$ cat input_0.csv   # CSV, C-alpha atoms and all ligand atoms
chain,number,residue,atom,x,y,z
A,1,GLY,CA,15.5,-11.8,-147.5
A,2,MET,CA,15.9,-15.5,-146.6
A,3,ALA,CA,14.0,-18.7,-147.2
A,4,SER,CA,12.5,-20.6,-144.3
A,5,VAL,CA,14.8,-23.5,-145.0
A,6,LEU,CA,18.3,-22.5,-146.0
A,7,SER,CA,19.7,-26.0,-146.4
A,8,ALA,CA,19.4,-29.6,-145.1
A,9,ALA,CA,21.5,-32.7,-145.0
A,10,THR,CA,21.1,-36.3,-144.1
A,11,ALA,CA,23.3,-39.3,-143.1
A,12,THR,CA,22.6,-42.9,-142.2
A,13,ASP,CA,25.1,-45.4,-140.8
A,14,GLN,CA,24.7,-49.1,-140.2
A,15,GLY,CA,27.5,-49.0,-137.7
A,16,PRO,CA,29.8,-52.0,-137.0
A,17,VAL,CA,27.5,-54.1,-134.9
A,18,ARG,CA,24.0,-54.4,-136.4
A,19,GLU,CA,23.6,-56.9,-139.3
A,20,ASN,CA,21.2,-54.5,-141.2
A,21,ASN,CA,20.6,-50.8,-141.4
A,22,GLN,CA,16.9,-50.8,-140.4
A,23,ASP,CA,16.8,-47.0,-140.2
A,24,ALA,CA,15.5,-44.8,-143.1
A,25,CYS,CA,15.3,-41.1,-143.7
A,26,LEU,CA,13.6,-38.6,-146.0
A,27,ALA,CA,14.4,-35.0,-147.1
A,28,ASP,CA,12.0,-33.7,-149.7
A,29,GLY,CA,10.9,-30.1,-150.1
A,30,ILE,CA,9.6,-29.0,-146.7
A,31,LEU,CA,9.2,-32.6,-145.4
A,32,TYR,CA,11.9,-34.3,-143.3
A,33,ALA,CA,11.7,-37.6,-141.5
A,34,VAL,CA,13.5,-40.5,-139.8
A,35,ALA,CA,12.1,-44.0,-139.3
A,36,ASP,CA,13.8,-46.5,-137.1
A,37,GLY,CA,12.6,-50.0,-138.0
A,38,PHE,CA,12.7,-53.0,-135.6
A,39,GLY,CA,12.3,-56.7,-135.9
A,40,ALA,CA,13.2,-59.2,-138.5
A,41,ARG,CA,11.6,-57.1,-141.2
A,42,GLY,CA,12.3,-53.6,-139.6
A,43,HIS,CA,14.1,-52.4,-142.8
A,44,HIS,CA,10.9,-53.1,-144.8
A,45,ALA,CA,8.9,-51.3,-142.2
A,46,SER,CA,10.9,-48.1,-142.2
A,47,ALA,CA,11.5,-47.9,-145.9
A,48,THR,CA,7.8,-48.6,-146.7
A,49,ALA,CA,6.6,-46.1,-144.1
A,50,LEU,CA,8.7,-43.3,-145.7
A,51,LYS,CA,7.7,-44.1,-149.2
A,52,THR,CA,4.1,-44.0,-148.2
A,53,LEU,CA,4.5,-40.8,-146.2
A,54,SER,CA,6.2,-39.1,-149.1
A,55,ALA,CA,3.5,-40.0,-151.5
A,56,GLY,CA,0.7,-39.0,-149.2
A,57,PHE,CA,2.2,-35.7,-148.3
A,58,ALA,CA,2.8,-34.8,-152.0
A,59,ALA,CA,-0.9,-35.5,-152.7
A,60,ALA,CA,-2.0,-33.2,-149.8
A,61,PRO,CA,0.8,-31.0,-148.4
A,62,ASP,CA,-0.9,-29.5,-145.4
A,63,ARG,CA,-1.3,-30.5,-141.7
A,64,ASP,CA,-4.3,-32.7,-142.2
A,65,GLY,CA,-2.6,-34.3,-145.3
A,66,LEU,CA,0.5,-35.0,-143.3
A,67,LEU,CA,-1.5,-36.7,-140.5
A,68,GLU,CA,-3.5,-38.7,-143.1
A,69,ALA,CA,-0.1,-39.7,-144.8
A,70,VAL,CA,1.1,-41.0,-141.4
A,71,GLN,CA,-2.1,-43.0,-141.0
A,72,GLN,CA,-1.7,-44.5,-144.5
A,73,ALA,CA,1.9,-45.4,-143.8
A,74,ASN,CA,0.8,-47.2,-140.6
A,75,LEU,CA,-1.9,-49.1,-142.5
A,76,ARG,CA,0.4,-50.1,-145.4
A,77,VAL,CA,3.2,-51.4,-143.1
A,78,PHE,CA,0.6,-53.3,-141.0
A,79,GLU,CA,-1.0,-54.8,-144.1
A,80,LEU,CA,2.4,-56.0,-145.4
A,81,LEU,CA,4.0,-57.2,-142.1
A,82,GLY,CA,1.1,-58.0,-139.8
A,83,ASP,CA,1.0,-61.7,-140.6
A,84,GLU,CA,4.6,-62.4,-139.8
A,85,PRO,CA,5.2,-64.8,-136.9
A,86,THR,CA,6.9,-62.0,-134.9
A,87,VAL,CA,6.3,-58.3,-134.8
A,88,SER,CA,8.3,-55.8,-136.9
A,89,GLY,CA,7.5,-52.2,-137.1
A,90,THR,CA,9.0,-48.7,-137.1
A,91,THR,CA,9.3,-45.4,-135.4
A,92,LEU,CA,8.5,-42.3,-137.4
A,93,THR,CA,9.3,-38.7,-136.7
A,94,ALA,CA,8.3,-36.3,-139.5
A,95,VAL,CA,8.8,-32.5,-139.7
A,96,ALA,CA,7.0,-30.3,-142.2
A,97,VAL,CA,8.4,-26.8,-142.3
A,98,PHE,CA,5.2,-25.1,-143.1
A,99,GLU,CA,4.8,-21.4,-143.5
A,100,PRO,CA,2.8,-19.4,-141.0
A,101,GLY,CA,-0.3,-19.5,-143.2
A,102,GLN,CA,-0.3,-23.3,-143.0
A,103,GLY,CA,0.1,-23.1,-139.2
A,104,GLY,CA,3.9,-23.0,-139.0
A,105,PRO,CA,6.4,-25.8,-138.6
A,106,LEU,CA,4.9,-29.1,-137.3
A,107,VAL,CA,6.2,-32.3,-135.9
A,108,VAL,CA,4.4,-35.7,-135.9
A,109,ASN,CA,6.1,-38.4,-134.0
A,110,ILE,CA,5.6,-42.0,-132.8
A,111,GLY,CA,8.3,-44.0,-131.0
A,112,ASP,CA,11.7,-42.8,-129.9
A,113,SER,CA,13.5,-41.0,-132.8
A,114,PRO,CA,13.8,-37.6,-131.4
A,115,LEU,CA,13.5,-34.0,-132.8
A,116,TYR,CA,16.0,-31.5,-131.3
A,117,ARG,CA,16.3,-27.8,-131.6
A,118,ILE,CA,19.8,-26.3,-131.7
A,119,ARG,CA,19.7,-22.6,-130.7
A,120,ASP,CA,22.6,-20.5,-129.4
A,121,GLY,CA,24.8,-23.5,-128.9
A,122,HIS,CA,22.2,-25.4,-126.9
A,123,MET,CA,20.7,-28.7,-128.0
A,124,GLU,CA,17.3,-29.7,-126.5
A,125,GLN,CA,14.9,-32.5,-127.3
A,126,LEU,CA,11.4,-31.3,-128.2
A,127,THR,CA,9.5,-34.6,-128.5
A,128,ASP,CA,8.8,-37.2,-125.9
A,129,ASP,CA,9.8,-40.8,-126.5
A,130,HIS,CA,7.2,-43.5,-126.6
A,131,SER,CA,9.2,-46.0,-124.6
A,132,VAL,CA,9.1,-47.3,-121.1
A,133,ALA,CA,11.8,-44.8,-120.1
A,134,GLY,CA,10.3,-42.1,-122.2
A,135,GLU,CA,7.0,-42.4,-120.5
A,136,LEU,CA,8.7,-41.9,-117.1
A,137,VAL,CA,10.0,-38.6,-118.5
A,138,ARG,CA,6.5,-37.7,-119.6
A,139,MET,CA,5.3,-38.5,-116.1
A,140,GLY,CA,7.9,-36.2,-114.6
A,141,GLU,CA,9.5,-39.1,-112.7
A,142,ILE,CA,13.0,-39.3,-114.3
A,143,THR,CA,15.1,-36.9,-116.4
A,144,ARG,CA,16.0,-37.3,-120.1
A,145,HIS,CA,19.5,-38.0,-119.1
A,146,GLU,CA,18.4,-40.8,-116.7
A,147,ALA,CA,16.1,-42.2,-119.5
A,148,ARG,CA,19.2,-42.6,-121.6
A,149,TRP,CA,20.5,-45.3,-119.2
A,150,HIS,CA,17.2,-46.8,-118.1
A,151,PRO,CA,17.2,-50.6,-118.6
A,152,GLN,CA,13.8,-50.6,-120.3
A,153,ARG,CA,14.5,-47.7,-122.7
A,154,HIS,CA,14.6,-50.1,-125.7
A,155,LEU,CA,10.9,-51.1,-125.1
A,156,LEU,CA,8.6,-49.0,-127.2
A,157,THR,CA,5.1,-48.1,-126.1
A,158,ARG,CA,3.9,-46.8,-129.6
A,159,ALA,CA,5.0,-47.8,-133.0
A,160,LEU,CA,3.9,-47.6,-136.7
A,161,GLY,CA,2.9,-50.7,-138.6
A,162,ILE,CA,2.0,-53.0,-135.7
A,163,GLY,CA,-1.8,-52.5,-135.7
A,164,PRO,CA,-4.5,-50.7,-137.6
A,165,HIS,CA,-4.7,-47.7,-135.2
A,166,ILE,CA,-2.0,-45.2,-134.1
A,167,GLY,CA,-2.0,-42.1,-132.0
A,168,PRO,CA,1.1,-40.1,-132.9
A,169,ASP,CA,2.0,-36.9,-131.1
A,170,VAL,CA,1.3,-33.8,-133.2
A,171,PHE,CA,2.5,-30.3,-132.2
A,172,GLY,CA,3.9,-27.1,-133.5
A,173,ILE,CA,7.7,-26.5,-133.4
A,174,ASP,CA,8.8,-23.3,-131.7
A,175,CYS,CA,11.6,-22.2,-134.1
A,176,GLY,CA,12.7,-19.4,-136.2
A,177,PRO,CA,15.5,-17.9,-138.3
A,178,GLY,CA,18.9,-19.1,-137.2
A,179,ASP,CA,17.8,-22.3,-135.5
A,180,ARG,CA,18.8,-25.7,-136.5
A,181,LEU,CA,16.6,-28.7,-136.3
A,182,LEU,CA,17.9,-32.3,-135.9
A,183,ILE,CA,15.9,-35.4,-136.3
A,184,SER,CA,17.7,-38.5,-135.2
A,185,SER,CA,17.2,-42.2,-134.6
A,186,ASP,CA,18.1,-43.3,-131.1
A,187,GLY,CA,21.4,-44.7,-132.2
A,188,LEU,CA,23.0,-41.2,-131.9
A,189,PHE,CA,22.5,-41.2,-128.1
A,190,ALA,CA,23.3,-44.9,-127.4
A,191,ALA,CA,26.7,-44.2,-125.9
A,192,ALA,CA,28.6,-41.1,-126.8
A,193,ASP,CA,29.5,-38.1,-124.7
A,194,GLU,CA,26.8,-35.6,-124.9
A,195,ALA,CA,29.3,-32.7,-125.3
A,196,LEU,CA,30.7,-34.4,-128.4
A,197,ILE,CA,27.3,-35.0,-129.8
A,198,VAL,CA,26.5,-31.2,-129.4
A,199,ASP,CA,29.9,-30.3,-130.9
A,200,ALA,CA,29.1,-32.4,-133.9
A,201,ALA,CA,25.5,-31.1,-134.1
A,202,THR,CA,26.6,-27.4,-134.1
A,203,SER,CA,29.1,-27.8,-137.0
A,204,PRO,CA,28.4,-24.8,-139.3
A,205,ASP,CA,28.1,-26.8,-142.5
A,206,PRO,CA,25.1,-29.2,-142.1
A,207,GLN,CA,26.8,-31.7,-144.5
A,208,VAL,CA,29.7,-31.7,-142.1
A,209,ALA,CA,27.3,-31.9,-139.1
A,210,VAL,CA,25.6,-35.1,-140.3
A,211,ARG,CA,28.9,-36.8,-141.1
A,212,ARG,CA,30.4,-35.8,-137.7
A,213,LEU,CA,27.2,-37.0,-135.8
A,214,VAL,CA,27.5,-40.5,-137.4
A,215,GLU,CA,31.2,-40.6,-136.6
A,216,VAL,CA,30.6,-39.7,-133.0
A,217,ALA,CA,28.1,-42.5,-132.6
A,218,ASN,CA,30.4,-44.9,-134.4
A,219,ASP,CA,33.5,-44.0,-132.4
A,220,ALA,CA,31.6,-44.6,-129.2
A,221,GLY,CA,30.9,-48.2,-130.3
A,222,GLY,CA,28.2,-48.0,-132.9
A,223,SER,CA,25.9,-50.4,-131.1
A,224,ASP,CA,22.9,-49.3,-133.2
A,225,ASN,CA,22.2,-47.8,-136.6
A,226,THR,CA,22.4,-44.0,-136.5
A,227,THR,CA,20.5,-41.7,-138.8
A,228,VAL,CA,20.4,-37.9,-138.7
A,229,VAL,CA,18.6,-35.2,-140.6
A,230,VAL,CA,19.7,-31.6,-140.1
A,231,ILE,CA,17.6,-28.6,-141.2
A,232,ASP,CA,19.0,-25.0,-141.1
A,233,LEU,CA,16.2,-22.4,-140.8
A,234,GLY,CA,16.2,-18.8,-142.2
A,301,MG,MG,16.0,-50.2,-135.5
A,302,MG,MG,22.5,-28.5,-121.1
A,303,MG,MG,15.3,-46.3,-128.2
A,304,MG,MG,15.4,-48.2,-130.1
A,305,MG,MG,18.7,-47.1,-128.0
A,306,MN,MN,17.5,-47.6,-133.0
$ encode --input "input_0.csv" --output "structure tokens" --more "lines below"
Ligand SMILES: [Mg+2]
Ligand SMILES: [Mg+2]
Ligand SMILES: [Mg+2]
Ligand SMILES: [Mg+2]
Ligand SMILES: [Mg+2]
Ligand SMILES: [Mn+2]
Amino acid sequence: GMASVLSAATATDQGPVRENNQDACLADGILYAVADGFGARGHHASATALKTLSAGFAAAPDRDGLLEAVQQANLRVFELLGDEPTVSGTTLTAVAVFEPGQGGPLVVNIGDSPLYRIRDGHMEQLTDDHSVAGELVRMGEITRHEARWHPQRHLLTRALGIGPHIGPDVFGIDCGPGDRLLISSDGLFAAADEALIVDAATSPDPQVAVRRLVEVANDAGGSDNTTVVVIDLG
């Protein structure tokens, strides 16, 4: 029979507008993550977060170890960037594809880099966004689609590396053999037609999928960095 992860792929794209690629991604064993940095030192924030995350998970690869690794990533970024004259930080969305004996697949997320499940041709967002617009979705006041065009969607309500304390969301991922998971920065949904995003995201070869996802975002104007991690489950 089949492994729980069949294959995975990643892509990151600065796009034609931004002066830096302040996104970062990670694909290492059963650990997958995206971090979208912001601010003058946002690239430092996201890269440092993932380096720390990776090391902490490797030292303790279970649910509690993952959550401690996220705390350590927060602390390390805040120690390095907290004395700057303006605020820089990062989002973080991490997936660990644990076996059932370790509680099954888990997502830990802070900010607005979503996790999606792709099943039977449908793409749905599993995480809530910690942004002004995302909170209105969490309040049942606007839809995810409306949140996409909300004029305050760019304003985060939770972020890593901006203070000594963080409260990420933590939850199991309802998924199984045949599903595809996608972690993305918000650049993917900045502008493009949702149908074309789903077309790209359902490409059979995950290496093709990640390339096509970046291209869809770019073709639509590439106003932000776009980073995607695709994981095919067995
Ligand atoms: Mg960014
Ligand atoms: Mg639909
Ligand atoms: Mg956003
Ligand atoms: Mg953003
Ligand atoms: Mg955006
Ligand atoms: Mn972004």
$ residues_near_ligand --input "input_0.csv" --ligand "ligand MG 303 (chain A)" --cutoff "7 Å" --atoms "only C-alpha atoms and all ligand atoms" --output "PDB file with C-alpha atoms, keeping the file's coordinate frame"
ATOM      1  CA  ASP A 112      11.700 -42.800-129.900  1.00  0.00           C
ATOM      2  CA  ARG A 153      14.500 -47.700-122.700  1.00  0.00           C
ATOM      3  CA  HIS A 154      14.600 -50.100-125.700  1.00  0.00           C
ATOM      4  CA  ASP A 186      18.100 -43.300-131.100  1.00  0.00           C
TER       5      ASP A 186
END
$ closest_atom_pairs --input "input_0.csv" --of "chain A" --to "ligand MG 304 (chain A)" --cutoff "10 Å" --atoms "all atoms listed in the file" --output "JSON lines"
{"residue": "A:36", "atom": "CA", "partner": "A:MG304", "partner_atom": "MG", "distance": 7.4}
{"residue": "A:37", "atom": "CA", "partner": "A:MG304", "partner_atom": "MG", "distance": 8.6}
{"residue": "A:38", "atom": "CA", "partner": "A:MG304", "partner_atom": "MG", "distance": 7.8}
{"residue": "A:90", "atom": "CA", "partner": "A:MG304", "partner_atom": "MG", "distance": 9.5}
{"residue": "A:91", "atom": "CA", "partner": "A:MG304", "partner_atom": "MG", "distance": 8.6}
{"residue": "A:111", "atom": "CA", "partner": "A:MG304", "partner_atom": "MG", "distance": 8.3}
{"residue": "A:112", "atom": "CA", "partner": "A:MG304", "partner_atom": "MG", "distance": 6.5}
{"residue": "A:113", "atom": "CA", "partner": "A:MG304", "partner_atom": "MG", "distance": 7.9}
{"residue": "A:129", "atom": "CA", "partner": "A:MG304", "partner_atom": "MG", "distance": 10.0}
{"residue": "A:131", "atom": "CA", "partner": "A:MG304", "partner_atom": "MG", "distance": 8.6}
{"residue": "A:153", "atom": "CA", "partner": "A:MG304", "partner_atom": "MG", "distance": 7.5}
{"residue": "A:154", "atom": "CA", "partner": "A:MG304", "partner_atom": "MG", "distance": 4.9}
{"residue": "A:155", "atom": "CA", "partner": "A:MG304", "partner_atom": "MG", "distance": 7.3}
{"residue": "A:156", "atom": "CA", "partner": "A:MG304", "partner_atom": "MG", "distance": 7.4}
{"residue": "A:185", "atom": "CA", "partner": "A:MG304", "partner_atom": "MG", "distance": 7.7}
{"residue": "A:186", "atom": "CA", "partner": "A:MG304", "partner_atom": "MG", "distance": 5.7}
{"residue": "A:187", "atom": "CA", "partner": "A:MG304", "partner_atom": "MG", "distance": 7.3}
{"residue": "A:190", "atom": "CA", "partner": "A:MG304", "partner_atom": "MG", "distance": 9.0}
{"residue": "A:224", "atom": "CA", "partner": "A:MG304", "partner_atom": "MG", "distance": 8.2}
{"residue": "A:225", "atom": "CA", "partner": "A:MG304", "partner_atom": "MG", "distance": 9.4}
$ residues_around --input "input_0.csv" --residues "residue A:128" --least-positions-apart "6" --cutoff "8 Å" --atoms "only C-alpha atoms" --output "number ranges by chain"
A: 112, 114, 134-135, 137-138
$ residues_around --input "input_0.csv" --residues "residue A:39" --least-positions-apart "2" --cutoff "6 Å" --atoms "all atoms listed in the file" --output "list in words"
residues 41, 42 and 88 of chain A
$ residues_near_ligand --input "input_0.csv" --ligand "ligand MG 302 (chain A)" --cutoff "10 Å" --atoms "only C-alpha atoms and all ligand atoms" --output "ChimeraX atom specification"
/A:121-124,194-195,198
$ closest_residue --input "input_0.csv" --among "A:87, A:35, A:183, A:170" --to "ligand MN 306 (chain A)" --atoms "all atoms listed in the file"
A:35
$ atom_distance --input "input_0.csv" --atom1 "atom CA of residue A:1" --atom2 "atom CA of residue A:62"
24.2 Å
$ build_atoms --input "input_0.csv" --residues "stretch 74-87 of chain A" --atoms "N, CA, C and O atoms" --output "PDB file, keeping the file's coordinate frame"
ATOM      1  N   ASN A  74       1.065 -46.212-141.595  1.00  0.00           N
ATOM      2  CA  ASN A  74       0.800 -47.200-140.600  1.00  0.00           C
ATOM      3  C   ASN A  74       0.022 -48.395-141.225  1.00  0.00           C
ATOM      4  O   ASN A  74       0.338 -49.558-141.014  1.00  0.00           O
ATOM      5  N   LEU A  75      -1.061 -48.081-141.942  1.00  0.00           N
ATOM      6  CA  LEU A  75      -1.900 -49.100-142.500  1.00  0.00           C
ATOM      7  C   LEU A  75      -1.140 -49.959-143.526  1.00  0.00           C
ATOM      8  O   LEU A  75      -1.273 -51.192-143.564  1.00  0.00           O
ATOM      9  N   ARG A  76      -0.358 -49.324-144.375  1.00  0.00           N
ATOM     10  CA  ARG A  76       0.400 -50.100-145.400  1.00  0.00           C
ATOM     11  C   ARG A  76       1.428 -50.980-144.726  1.00  0.00           C
ATOM     12  O   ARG A  76       1.521 -52.158-145.126  1.00  0.00           O
ATOM     13  N   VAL A  77       2.157 -50.493-143.742  1.00  0.00           N
ATOM     14  CA  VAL A  77       3.200 -51.400-143.100  1.00  0.00           C
ATOM     15  C   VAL A  77       2.422 -52.516-142.402  1.00  0.00           C
ATOM     16  O   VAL A  77       2.878 -53.655-142.435  1.00  0.00           O
ATOM     17  N   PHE A  78       1.324 -52.228-141.714  1.00  0.00           N
ATOM     18  CA  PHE A  78       0.600 -53.300-141.000  1.00  0.00           C
ATOM     19  C   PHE A  78       0.033 -54.313-141.964  1.00  0.00           C
ATOM     20  O   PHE A  78       0.097 -55.516-141.685  1.00  0.00           O
ATOM     21  N   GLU A  79      -0.495 -53.887-143.109  1.00  0.00           N
ATOM     22  CA  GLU A  79      -1.000 -54.800-144.100  1.00  0.00           C
ATOM     23  C   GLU A  79       0.130 -55.692-144.650  1.00  0.00           C
ATOM     24  O   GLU A  79      -0.066 -56.904-144.874  1.00  0.00           O
ATOM     25  N   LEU A  80       1.336 -55.152-144.797  1.00  0.00           N
ATOM     26  CA  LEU A  80       2.400 -56.000-145.400  1.00  0.00           C
ATOM     27  C   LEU A  80       3.109 -56.880-144.362  1.00  0.00           C
ATOM     28  O   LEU A  80       3.565 -57.952-144.748  1.00  0.00           O
ATOM     29  N   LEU A  81       3.206 -56.485-143.088  1.00  0.00           N
ATOM     30  CA  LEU A  81       4.000 -57.200-142.100  1.00  0.00           C
ATOM     31  C   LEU A  81       3.218 -57.851-140.990  1.00  0.00           C
ATOM     32  O   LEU A  81       3.770 -58.634-140.229  1.00  0.00           O
ATOM     33  N   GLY A  82       1.910 -57.555-140.917  1.00  0.00           N
ATOM     34  CA  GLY A  82       1.100 -58.000-139.800  1.00  0.00           C
ATOM     35  C   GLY A  82       0.917 -59.479-139.678  1.00  0.00           C
ATOM     36  O   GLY A  82       0.556 -59.948-138.613  1.00  0.00           O
ATOM     37  N   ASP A  83       1.163 -60.246-140.723  1.00  0.00           N
ATOM     38  CA  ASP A  83       1.000 -61.700-140.600  1.00  0.00           C
ATOM     39  C   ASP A  83       2.287 -62.436-140.372  1.00  0.00           C
ATOM     40  O   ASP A  83       2.278 -63.680-140.346  1.00  0.00           O
ATOM     41  N   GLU A  84       3.376 -61.754-140.153  1.00  0.00           N
ATOM     42  CA  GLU A  84       4.600 -62.400-139.800  1.00  0.00           C
ATOM     43  C   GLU A  84       4.497 -63.050-138.429  1.00  0.00           C
ATOM     44  O   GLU A  84       3.685 -62.647-137.588  1.00  0.00           O
ATOM     45  N   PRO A  85       5.327 -64.056-138.188  1.00  0.00           N
ATOM     46  CA  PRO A  85       5.200 -64.800-136.900  1.00  0.00           C
ATOM     47  C   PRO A  85       5.747 -64.028-135.739  1.00  0.00           C
ATOM     48  O   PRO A  85       5.448 -64.428-134.606  1.00  0.00           O
ATOM     49  N   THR A  86       6.523 -62.967-135.966  1.00  0.00           N
ATOM     50  CA  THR A  86       6.900 -62.000-134.900  1.00  0.00           C
ATOM     51  C   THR A  86       6.681 -60.628-135.381  1.00  0.00           C
ATOM     52  O   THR A  86       6.456 -60.398-136.579  1.00  0.00           O
ATOM     53  N   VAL A  87       6.691 -59.689-134.469  1.00  0.00           N
ATOM     54  CA  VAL A  87       6.300 -58.300-134.800  1.00  0.00           C
ATOM     55  C   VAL A  87       7.571 -57.526-135.272  1.00  0.00           C
ATOM     56  O   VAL A  87       8.644 -57.506-134.658  1.00  0.00           O
TER      57      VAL A  87
END
